[PDB]
């Protein structure tokens, strides 16, 4: 199976698999059952921002999800990615709906990763920023129901002609270039990701969430990973 590390913005409480009884953010290490969560006061129809950071000094994955003029939700988990992920990975956003649904619109996405060698103390770096998404955006690998074009946005899951989000949808966007996320010969390794998102549910019954994830390079949507599986995991283990 794929190897997945993710920060989930989980809008739908799946209590039978360990979600708390509220929308939450979580750190997922190789399981949809988050190693750490924090309550998140999701605001239907409002643009939010998620920021994810990790560095190899502290080896601590943290995320903050906020809306303008509201208290943020923050979650952090100590994890040595050297021991979890392969050296080379792809990074992406994923989202899903199930019986219930929501738009999973990404308005912008930025990422920076840096690796400083122990041998030379010089740094390799990758940065991309998308503040608009184009039709046929060739530096993104779109998977499942993900599309770009409309409003200059990235719609991770399916939205109908009238703007209604559809259920049982899953889709992901991965940056095209593999990222050298860790290396033993590195003094400091670090990455940050930021994306802005618009989650909208008419019936005020949102599901299932958005995730930033890091994966093996050839990662694909696990078959059937709609709903609570967030397009990330083949099961709920």
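Positions refer to the first chain, counted from 1.
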{"property": "Mean temperature factor over C-alpha atoms, higher-scoring stretch between 220-228 and 16-24", "result": "16-24"}
{"property": "Mean C-alpha B-factor comparison - 147-155 and 91-99, higher one", "result": "147-155"}
{"property": "Which of 48, 178, 206, 171 ranks first by CA B-factor in the deposited coordinates", "result": "206"}
{"property": "Among 72, 131, 124, 104 - the residue whose C-alpha B-factor is largest in the record", "result": "72"}
{"property": "Third of chain Cα B-factors occupied by residue 76", "result": "middle"}
{"property": "Chain third (lowest, middle, highest) by recorded CA B-factor, residue given as residue 195", "result": "lowest"}
{"property": "Third of chain Cα B-factors occupied by residue 62", "result": "lowest"}
{"property": "Lowest, middle or highest third - CA B-factor, residue 210", "result": "lowest"}
{"property": "Chain-relative CA temperature factor third for residue 29", "result": "lowest"}
